[PDB]
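# before the rest arrives, take these chain(s) from the complex:
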Amino acid sequence: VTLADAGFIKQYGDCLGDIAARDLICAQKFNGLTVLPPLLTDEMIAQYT
Amino acid sequence: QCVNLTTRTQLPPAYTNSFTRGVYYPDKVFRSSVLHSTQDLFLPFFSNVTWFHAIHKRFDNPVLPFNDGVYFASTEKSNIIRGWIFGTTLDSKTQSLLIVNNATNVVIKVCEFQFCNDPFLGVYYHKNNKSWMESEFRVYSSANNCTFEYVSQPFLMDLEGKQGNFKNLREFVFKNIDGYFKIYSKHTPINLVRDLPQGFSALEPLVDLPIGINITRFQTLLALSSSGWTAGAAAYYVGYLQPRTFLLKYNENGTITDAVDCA
């Protein structure tokens, strides 16, 4: 399963220049659409499991 | 000067398959890594273009319709295709547009022209100095009301060479919309003997002329004692644009790299 924008931090160096162009996630974030992180990380779900 | 050049052979009319050619950049905006859906007057994919050629023996320069605009292209050597006439009456009852790439300059002009029955430009061939010399301009006998004119900065373009296959493909799209005559074009180097090459490449916009005339038809101008001559071999193709919906793919470098004809 190939996730999109897990909420885990964005920092200009990965959203302009080269990684501005081939990016839907940026098109989204630049228009006020934001994806938030789950409360339990994929490590915490694996500890419960 | 005006002459009916009558030394030619009789052939039936030829046609060819325009596989995926005649797409152009639809507006002056940059895009990259995207698939863009646009409706414009585009050349339909796998459509029959009409086909024309110069041989030895053959020299077809006919009047053709110009309805909803034209895709024009030529597989070429030695600079034989030199221009086009566009208009409605072609006989100074109305205005008409002249485009012509002569030996030294390009000229673009709009007049009540009185054009010739068979118009062409002509060259003295290999005459002792080993230089080919442009010497004839058989296109209009009068030019009565010139509302637009342009001539390029001057140049020399060569008039000579012989090869077993064509070396240039030049492609063009012409549209006459709301008083503006729009030209798009592309150059690509080739090695093909006698067909419109199978492939894809997109035409960039070139020039946008405010000419304000009706164009219903058009006629191309070829380069050649008043009859009996050699036609230097070159071949050209004519297709008609249709209002259609295309999906255009831009690569990472922002160039239209592939297309889908929606119909």
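On my side now, so go ahead. Numbering: from 1, shown residues only, chains lettered A, B, ... in the order given.
# does residue A:45 belong to a helix, a strand or coil?
Assigned with DSSP: H, G, I helix; E, B strand; the rest coil, residue A:45 falls in the helix class.
# kindly report the same for residue A:28.
Classified using three-state DSSP, residue A:28 is helix.
# need the contact list for it.
If you count contacts by C-beta atoms under 8 Å, 6 or more residues apart in numbering or on different chains, residue A:28 has them with A:5, A:34, A:35. C-betas here are computed from N, CA, C, even on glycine.
# just put those in JSON lines and tack on neighbour count.
Listed next are the contacts of residue A:28 as JSON lines, based on neighbours: other C-beta atoms under 10 Å in any protein chain shown:
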{"residue": "A:5", "neighbour count": "16"}
{"residue": "A:34", "neighbour count": "10"}
{"residue": "A:35", "neighbour count": "13"}
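# element containing residue B:184?
Following DSSP states H and E, one finds residue B:184 within strand B:180-192.
# can I get the next helix or strand after that strand in PDB? Just the C-alpha atoms.
Going down the chain from strand B:180-192, the next helix or strand is strand B:204-209, by DSSP H and E. Output in PDB follows, covering the C-alpha atoms of strand B:204-209 (Å, rounded to 0.1, in the frame of the first residue of the first chain):
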ATOM      1  CA  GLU B 204       5.600  26.100 -31.200                       C
ATOM      2  CA  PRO B 205       3.700  29.400 -32.000                       C
ATOM      3  CA  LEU B 206       5.600  31.700 -34.400                       C
ATOM      4  CA  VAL B 207       3.600  34.800 -35.500                       C
ATOM      5  CA  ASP B 208       0.200  36.400 -35.200                       C
ATOM      6  CA  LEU B 209      -0.900  38.800 -38.000                       C
END
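# and strand B:204-209, which strands flank it?
strand B:180-192 (antiparallel) (DSSP bridges).
# enumerate every residue touching residue B:231.
B:54, B:55, B:56, B:57, B:58, B:59, B:80, B:222, B:224.
# also, this goes in as chain C:
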Amino acid sequence: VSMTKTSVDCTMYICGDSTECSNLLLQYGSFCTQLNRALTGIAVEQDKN
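This next block brings in chain C, placed alongside the chains you saw above:
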């Protein structure tokens, strides 16, 4: 079990970098909020699930 939590800032989606637009969106009132409550309700529920 869950889906991507999304927060959308309607004020930035609709009136992107304009005060002139923002002053017109206030004439629709609670519309900008009621959407944030709805998406926050969905987002809070992804942690519950």
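# the contacts of residue B:231 again please, this time with chain C.
B:54, B:55, B:56, B:57, B:58, B:59, B:80, B:222, B:224.
# for residue B:113, state which of those is nearest.
residue B:222 (18.0 Å; C-beta to C-beta).
# spit out the contact partners of the closest one.
With contact taken as C-beta under 8 Å, 6+ apart, residue B:222 is in contact with B:54, B:59, B:61, B:80, B:81, B:82, B:120, B:121, B:231, B:234.
# out of these, which comes closest to residue B:245?
Minimum distance to residue B:245 across the contacts of residue B:222 is 31.3 Å, recorded for residue B:81 (C-beta to C-beta).
# just the buried residues of the contacts of residue B:231.
Buried members of the contacts of residue B:231, counted by 16 or more other C-beta atoms under 10 Å in any protein chain shown: B:54, B:55, B:59, B:80, B:222, B:224.
# pick the one among these closest to residue B:158.
The closest of the buried ones among the contacts of residue B:231, once distances to residue B:158 are taken by C-beta to C-beta, is residue B:80, at 12.0 Å.
# pretty sure that closest one sits against residue B:221.
No - with contact defined as C-beta atoms under 8 Å, residue B:80 does not reach residue B:221; the gap is 9.8 Å.
# for residue C:9, give me its contacts.
Going by C-beta under 8 Å, 6+ apart, residue C:9 touches A:32, A:34, C:36.
# so which of these belong to strands?
residue A:34 (DSSP state E).
# between the contacts of residue C:9, which is closest to residue B:151?
residue A:32 (54.0 Å).
# next, format the contacts of residue B:222 as a markdown table and append distance to residue B:257 and secondary structure.
A markdown table is the format used below for the contacts of residue B:222 (distance: C-beta to C-beta, whole Å; DSSP: H, G, I helix; E, B strand; the rest coil):
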| residue | distance to residue B:257 | secondary structure |
| --- | --- | --- |
| B:54 | 33 | strand |
| B:59 | 37 | strand |
| B:61 | 35 | coil |
| B:80 | 31 | coil |
| B:81 | 27 | strand |
| B:82 | 32 | strand |
| B:120 | 38 | strand |
| B:121 | 37 | strand |
| B:231 | 37 | coil |
| B:234 | 29 | strand |
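# drop chain D onto that structure:
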Amino acid sequence: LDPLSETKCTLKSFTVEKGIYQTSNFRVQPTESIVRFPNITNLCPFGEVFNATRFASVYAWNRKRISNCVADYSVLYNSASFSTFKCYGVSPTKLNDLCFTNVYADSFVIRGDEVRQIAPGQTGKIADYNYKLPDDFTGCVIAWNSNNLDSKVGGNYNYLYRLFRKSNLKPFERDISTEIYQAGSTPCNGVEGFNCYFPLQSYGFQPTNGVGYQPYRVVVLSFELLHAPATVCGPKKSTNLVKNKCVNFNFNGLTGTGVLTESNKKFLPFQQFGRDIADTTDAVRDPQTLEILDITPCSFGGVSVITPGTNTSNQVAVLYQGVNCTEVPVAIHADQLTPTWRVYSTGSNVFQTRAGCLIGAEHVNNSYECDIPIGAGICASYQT
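The block that follows adds chain D to the chains above:
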């Protein structure tokens, strides 16, 4: 006043339960303006357009191109000489703040009653048979009575319209042709016949004519905007160009707020603006230095305020969600931002979470049960 008062305001309550609450986004504001236009100086030749010695007939309307010059539409628009200065895709005040691709002035003379027919969407013998505008015309129609300039007591018959046509003409078509028109069902040959007409007619323009029956000169200005490399502009000086800082830019009338950057996007010669999937400009060619600048919006994100209950404590912590801390301290209230309370910029208890930069809460190594959920495994609580 402070993040707690902003939640009290966002919840519309003077007391707030224990929780984490969303509040209006932080957004870094423009440090300064930038303006960029082509560095042309010569003014547009309007003396040859509006003050030519004689105008064309409306059947043979002249078309003059305006290029490689600087406009000042305040010289035109503020003049009382114009009986009409009506715009169809711009407001007349904005013309000095704006850039134009290719510009054509259409010059001709008509009767004063026919100025109403020059507008887009109109019809009647002028609009139908000698001068048509397109439905989506962008530009302005400018007109004035030229009675004293061009009219003589017997009639200045040098100015002509077209009374007859086989079909209505297309937008920006011009018909010079003198072909005879047959209004009868019979064909006709030679020069003249019964119910057969010369298609042009001269106006009886005399200075004794009633207002409306007097000659009006018209200029139609027919420019196209904001989509292509400009050749005419308003009388505004370019600023210097700065990069990697948040600015209010303006490139050829493309105003916007963003951080500029040196792009590797390879524009082909004919392009000036590049667009994003959202249909917004994300790169531009600078008109003085022919290089491509990436435009990105200023740093922003949601602001979530973490609070024990108002019934317990007025202390709160702030999550700048989706942000690297690096940016928080950058968000210095030295300049403008959406939020005002820059009080937390102190830090000395800040924390980088996977959810964003968290300020006003102390990171502790001892795990507890979840209390107020922050995201990505982090939770906050109010404790001794």
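# now with chain D: the contacts of residue A:28?
A:5, A:34, A:35.
# from these, which is closest to residue D:344?
Nearest to residue D:344 among the contacts of residue A:28, with distances taken as C-beta to C-beta, is residue A:34, at 20.9 Å.
# quick one, helices of chain A?
Using DSSP state H, the helices of chain A run over A:24-29, A:42-48.
# go through these and pick out the most buried.
helix A:24-29 (a mean of 17; mean count of other C-beta atoms under 10 Å in any protein chain shown).
# may I have the phi/psi pair for residue D:97?
Phi and psi for residue D:97, reported as degrees, to the nearest 10, are phi -110, psi 10.
# grab the nearest non-local neighbour of it.
residue D:234 (5.6 Å; C-beta to C-beta, 6 or more residues apart in numbering or on different chains).
# and the one you found, how many neighbours?
Residues lying near residue D:234 (other C-beta atoms under 10 Å in any protein chain shown) number 19.
# which residues pair with residue B:76 across the strands?
Bridge pairing for residue B:76 - DSSP bridges - gives residue B:168.
# surely it and residue B:171 touch.
No - contact criterion C-beta under 8 Å: residue B:76 and residue B:171 do not qualify, at 10.9 Å.
# give me the more crowded residue out of those two.
Set side by side, residue B:76 and residue B:171 show more neighbours around residue B:171, with 24 against 20, by other C-beta under 10 Å.
# sorry, back to before: can I get the helices of chain A in a markdown table including distance to residue D:77?
Converted to a markdown table, these look like this (distance: least, C-beta to C-beta, whole Å):
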| stretch | distance to residue D:77 |
| --- | --- |
| helix A:24-29 | 39 |
| helix A:42-48 | 64 |
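# wait, which of these is closest to residue B:159?
helix A:24-29 (52.8 Å).
# now, which of the contacts of residue A:28 sits nearest chain B?
The nearest member of these to chain B, counting by C-beta to the nearest C-beta, is residue A:5 at 17.5 Å.
# that's all I had, so thanks and see you.
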